[PDB]
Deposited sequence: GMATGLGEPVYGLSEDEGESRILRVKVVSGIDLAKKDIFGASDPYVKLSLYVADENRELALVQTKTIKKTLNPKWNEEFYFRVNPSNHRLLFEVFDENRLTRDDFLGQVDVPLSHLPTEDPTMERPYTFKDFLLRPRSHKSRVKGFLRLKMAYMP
């Protein structure tokens, strides 16, 4: 009774993963107007399977999104990328950091169990700061 992101390629390998994007914490100042873009993708192939973004919160380095998403995923072969961007009107949105999560060993839970994931740069050559607070668990 909720929207699901991703279409199955093999129904005998997919599972429903619940993801809540809670908040961003202590983001880098590069007006800061953050949102998170979530990309479900196939590992190794680096092939996008579903793309969705949170609302933008205006003028903050400590945005509280509290948004929930359900994804259709293959736990062994898919990964979820979270990228934080600063939304801009007249220039490309600025990248603020990422968290790339494997889905193979996430807990399972029928709907303080969030985790604060360290934001990482796109390349080793850059630096970001802060954390992205996420809760993720499979539907049984």
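Coordinate coverage of the deposited sequence is interrupted at 1-6, 37-40, 122-126, where no C-alpha atom was modelled.
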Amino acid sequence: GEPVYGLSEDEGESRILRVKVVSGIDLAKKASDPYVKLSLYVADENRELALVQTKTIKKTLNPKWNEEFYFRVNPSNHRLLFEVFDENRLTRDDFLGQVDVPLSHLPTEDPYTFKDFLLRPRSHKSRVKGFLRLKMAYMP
From here on, numbers count along this sequence of modelled residues.
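The PDB entry records a higher mean C-alpha B factor for 102-110 than for its counterpart among 89-97 and 102-110. The stretch 72-80 shows the higher mean C-alpha B-factor when 72-80 is compared against 34-42 in the entry.
The entry lists a Cα temperature factor for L27 that places it in the middle third of the chain's modelled residues. Placement of the Cα temperature factor of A137 within the chain: middle third of the modelled residues, per the deposited record.
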